Amino acid sequence: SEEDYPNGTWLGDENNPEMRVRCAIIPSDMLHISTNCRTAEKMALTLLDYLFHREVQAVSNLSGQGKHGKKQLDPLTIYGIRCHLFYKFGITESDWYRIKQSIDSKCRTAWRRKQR
DNA sequence: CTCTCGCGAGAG
DNA sequence: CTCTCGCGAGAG
């Protein structure tokens, strides 16, 4: 619902209420991202940085499972990335499976940075 | 920085 | 048991 982020933007197709998610990204920032992120792979990781602070990435993963006892990244927010990539690039479930590896791998990089 | 792959420990 | 999947870290 728009109200959760009054100065924010929609992830995915605003005219399609089942595949939209209100988010905290401001219009000027969402403009930068669409200008700069010309592939689903590059938009996914840039969305990640605008939706989650690096300090959340360094403690969090997609499942919230594993040996490091990591927090799970907000599932509604992750669904919102899925909705933006499907809308912006018409990616498939097989692409999204690949993208999710890459989000988790970025999150491990951040954990390893805090580590080192 | 991103992308990837072999590993092996718990989930099923 | 088999299967999934979180993981470290070398290579791009």
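The basis for the numbers below is simple: all heavy atoms, side chains too, and nothing from hydrogens, waters or symmetry mates. Note on naming: letters A, B, ... go to the chains in the order of the sequence lines (proteins, then strands), and numbering restarts at 1 for each one.
A donor-acceptor pair is defined here as one N or O able to donate and one able to accept, closer than 3.5 Å; such a pair exists between the side chain of A/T9 and the backbone of A/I25.
At least one test fails for A/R54 against the ring of A/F52: distance under 6.0 Å to the centre or angle within 45° of the axis.
The side-chain contact (heavy atoms from CB on, under 4.5 Å) test with A/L85 singles out one residue from A/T39, A/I91, A/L11, and that residue is A/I91.
Across the protein-nucleic acid pair, A/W111 atom CH2 and B/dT2 atom P stand 18 Å apart, rounded to whole Å. The nearest whole Å value for the distance from the NZ atom in A/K100 to the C1' atom in B/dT2 is 19 Å. Computed from coordinates, the A/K106 NZ to B/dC3 P distance equals 9 Å when rounded to whole Å.
Salt bridge absent: A/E2 and A/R20 never bring a charged side-chain N and a carboxylate O closer than 4.0 Å.
Residue-environment remark: NE2 (A/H53) stays at or below the threshold of 12 foreign heavy atoms within 6.0 Å. The number of heavy atoms from other shown groups lying within 6.0 Å of CG (A/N7) does not exceed 12. Atom CD of A/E55 is surrounded by 12 or fewer heavy atoms from other residues, nucleotides or ligands within 6.0 Å.
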Could you list the donor-acceptor pairs under 3.5 angstrom formed by side chains in residues 97-107 of chain A, with sequence neighbours left out?
from	atom 1	to	atom 2	distance (Å)
A/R98	NH1	A/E41	OE2	2.7
A/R98	NH2	A/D95	OD1	2.7
A/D104	OD1	A/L62	N	3.0
A/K106	NZ	A/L45	O	3.2
A/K106	NZ	A/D49	OD1	3.0
A/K106	NZ	A/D49	OD2	2.7

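Taking every heavy atom of residues 33-47 of chain A and every atom of DNA chain C, no pair lies under 4.0 Å.
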Do any N or O atoms of the protein come closer than 3.5 Å to N or O atoms of nucleotides 4-12 of chain B, and which pairs are they?
from	atom 1	to	atom 2	distance (Å)
B/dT4	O4	A/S105	OG	2.6

